[PDB]
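Asks: Build me a model:
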Amino acid sequence: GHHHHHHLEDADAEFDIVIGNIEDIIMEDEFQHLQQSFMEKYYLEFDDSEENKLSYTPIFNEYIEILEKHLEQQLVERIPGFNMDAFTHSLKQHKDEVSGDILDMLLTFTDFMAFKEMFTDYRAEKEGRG
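Replies: Numbering: from 1, shown residues only. Next up is the structure itself:
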């Protein structure tokens with residue numbers, strides 16, 4: 001890992017979809033549950049990854065795998081509580097069953113206040129917070 005930039009679209013529509021909604025859901029997890037669920041059903045009911053040209057196939061898989069991997073371990077060990085990041089939902093399967101609602105309820109001991117503080121600051125500012 002040693003790059004940073006945005007591009008592609010027509011090749012991987014689903015990617016751009018989750019990407020945009022991801023930066024937005026950063027404030028609300030539920031939002032992702034709905035959006036993601038939509039793209040998931042549509043995608044699964046259409047095609048899968050490993051698409052695009054012969055160069056995009058690997059470049060895409062690697063890239064996504066890199067971020068997904070890092071964010072995966074982070075989100076997994078995150079368990080902040082309050083609607084910190086929906087990345088978890090689209091990360092594994094669906095955190096809708098238990099989001100900031102119940103999570104923050106008990107995990108209130110340390111809501112996303114702190115977690116999101118640094119996490120969001122980087123994640124958001126990274127996706128293009130503004």
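
Asks: Could you report the separation of the residue located most distally from the centre of the chain from residue 10?
Replies: Relative to the centre of the chain, and counting by C-alpha atoms, centre = their mean, the farthest-placed residue is residue 54 at 25.3 Å. Residue 54 sits 16 Å away from residue 10, going by C-beta to C-beta, to the nearest Å. Where C-beta positions appear, they are placed from N, C-alpha and C, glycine not excepted.

Asks: And the helices in the chain?
Replies: Here the chain has its helices, by DSSP state H, at 13-25, 29-44, 56-76, 87-91, 100-107, 112-127.

Asks: Can you tell me which of those helices is most buried?
Replies: Ranked by average neighbour count under the criterion mean count of other C-beta atoms under 10 Å, the helices of the chain are headed by helix 87-91 at a mean of 24.

Asks: so what does that one touch, helix or strand wise?
Replies: Other elements packing on helix 87-91 under the criterion 3 or more C-beta pairs under 8 Å, 6 or more residues apart in numbering; DSSP states H and E are helix 13-25, helix 29-44, helix 56-76.
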